[PDB]
$ cat data.pdb   # PDB, N, CA and C atoms
ATOM      1  N   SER N   1     105.029  93.308 101.020  1.00  0.00           N
ATOM      2  CA  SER N   1     105.917  92.609 101.986  1.00  0.00           C
ATOM      3  C   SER N   1     105.182  92.296 103.285  1.00  0.00           C
ATOM      4  N   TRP N   2     105.848  91.572 104.177  1.00  0.00           N
ATOM      5  CA  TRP N   2     105.257  91.205 105.458  1.00  0.00           C
ATOM      6  C   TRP N   2     105.778  92.105 106.571  1.00  0.00           C
ATOM      7  N   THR N   3     104.996  92.252 107.640  1.00  0.00           N
ATOM      8  CA  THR N   3     105.410  93.100 108.756  1.00  0.00           C
ATOM      9  C   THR N   3     105.475  92.304 110.052  1.00  0.00           C
ATOM     10  N   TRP N   4     106.658  92.273 110.650  1.00  0.00           N
ATOM     11  CA  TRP N   4     106.876  91.546 111.894  1.00  0.00           C
ATOM     12  C   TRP N   4     106.710  92.478 113.091  1.00  0.00           C
ATOM     13  N   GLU N   5     105.789  92.137 113.988  1.00  0.00           N
ATOM     14  CA  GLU N   5     105.538  92.961 115.165  1.00  0.00           C
ATOM     15  C   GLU N   5     105.300  92.113 116.413  1.00  0.00           C
ATOM     16  N   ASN N   6     106.211  92.225 117.374  1.00  0.00           N
ATOM     17  CA  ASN N   6     106.108  91.496 118.636  1.00  0.00           C
ATOM     18  C   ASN N   6     105.782  90.016 118.430  1.00  0.00           C
ATOM     19  N   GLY N   7     106.482  89.371 117.502  1.00  0.00           N
ATOM     20  CA  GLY N   7     106.250  87.962 117.255  1.00  0.00           C
ATOM     21  C   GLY N   7     105.034  87.696 116.387  1.00  0.00           C
ATOM     22  N   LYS N   8     104.567  88.713 115.667  1.00  0.00           N
ATOM     23  CA  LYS N   8     103.399  88.550 114.806  1.00  0.00           C
ATOM     24  C   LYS N   8     103.625  89.167 113.427  1.00  0.00           C
ATOM     25  N   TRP N   9     103.150  88.474 112.397  1.00  0.00           N
ATOM     26  CA  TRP N   9     103.283  88.938 111.021  1.00  0.00           C
ATOM     27  C   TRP N   9     102.009  89.637 110.557  1.00  0.00           C
ATOM     28  N   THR N  10     102.171  90.732 109.825  1.00  0.00           N
ATOM     29  CA  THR N  10     101.028  91.473 109.308  1.00  0.00           C
ATOM     30  C   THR N  10     101.178  91.694 107.808  1.00  0.00           C
ATOM     31  N   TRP N  11     100.181  91.252 107.050  1.00  0.00           N
ATOM     32  CA  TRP N  11     100.208  91.390 105.601  1.00  0.00           C
ATOM     33  C   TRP N  11      99.609  92.722 105.161  1.00  0.00           C
ATOM     34  N   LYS N  12     100.091  93.232 104.031  1.00  0.00           N
ATOM     35  CA  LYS N  12      99.605  94.500 103.495  1.00  0.00           C
ATOM     36  C   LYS N  12     100.361  94.878 102.226  1.00  0.00           C
TER      37      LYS N  12
END

$ encode --input "data.pdb" --output "structure tokens"
Amino acid sequence: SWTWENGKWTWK
């Protein structure tokens, strides 16, 4: 899934 952080997406 994707990770939303402070207006930013992080893949993993």

$ residues_around --input "data.pdb" --residues "residue N:12" --least-positions-apart "3" --cutoff "6.5 Å" --atoms "only N, CA and C atoms" --output "count of residues only"
3

$ axis_aligned_box --input "data.pdb" --around "stretch 7-12 of chain N" --padding-each-side "5 Å" --output "AutoDock Vina command-line options"
--center_x 103.0 --center_y 91.3 --center_z 109.9 --size_x 16.9 --size_y 17.2 --size_z 25.3

$ select_by_dssp --input "data.pdb" --residues "chain N" --states "strand (DSSP E or B)" --output "VMD selection string"
chain N and resid 2 to 5 8 to 11

$ decode --input "data.pdb" --residues "chain N" --atoms "N, CA and C atoms" --output "JSON list (two decimals), in the first residue's frame"
[["chain", "number", "residue", "atom", "x", "y", "z"],
["N", 1, "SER", "N", 0.84, -1.23, 0.00],
["N", 1, "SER", "CA", 0.00, 0.00, 0.00],
["N", 1, "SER", "C", 0.86, 1.26, 0.00],
["N", 2, "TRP", "N", 0.21, 2.41, -0.11],
["N", 2, "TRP", "CA", 0.92, 3.69, -0.13],
["N", 2, "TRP", "C", 0.84, 4.37, 1.23],
["N", 3, "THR", "N", 1.81, 5.23, 1.54],
["N", 3, "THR", "CA", 1.81, 5.92, 2.83],
["N", 3, "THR", "C", 1.80, 7.43, 2.63],
["N", 4, "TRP", "N", 0.76, 8.07, 3.16],
["N", 4, "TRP", "CA", 0.61, 9.52, 3.05],
["N", 4, "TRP", "C", 1.20, 10.21, 4.27],
["N", 5, "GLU", "N", 2.16, 11.10, 4.05],
["N", 5, "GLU", "CA", 2.80, 11.82, 5.14],
["N", 5, "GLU", "C", 3.06, 13.28, 4.79],
["N", 6, "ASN", "N", 2.38, 14.18, 5.51],
["N", 6, "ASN", "CA", 2.54, 15.62, 5.31],
["N", 6, "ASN", "C", 2.46, 16.01, 3.84],
["N", 7, "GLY", "N", 1.48, 15.48, 3.12],
["N", 7, "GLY", "CA", 1.32, 15.82, 1.72],
["N", 7, "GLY", "C", 2.27, 15.05, 0.81],
["N", 8, "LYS", "N", 2.82, 13.95, 1.31],
["N", 8, "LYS", "CA", 3.75, 13.15, 0.50],
["N", 8, "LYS", "C", 3.43, 11.66, 0.60],
["N", 9, "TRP", "N", 3.54, 10.97, -0.54],
["N", 9, "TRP", "CA", 3.27, 9.54, -0.61],
["N", 9, "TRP", "C", 4.57, 8.74, -0.53],
["N", 10, "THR", "N", 4.54, 7.64, 0.21],
["N", 10, "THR", "CA", 5.71, 6.78, 0.34],
["N", 10, "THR", "C", 5.36, 5.34, 0.02],
["N", 11, "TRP", "N", 6.07, 4.76, -0.94],
["N", 11, "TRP", "CA", 5.82, 3.39, -1.36],
["N", 11, "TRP", "C", 6.62, 2.40, -0.52],
["N", 12, "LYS", "N", 6.08, 1.20, -0.35],
["N", 12, "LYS", "CA", 6.74, 0.16, 0.42],
["N", 12, "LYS", "C", 5.88, -1.10, 0.50]]
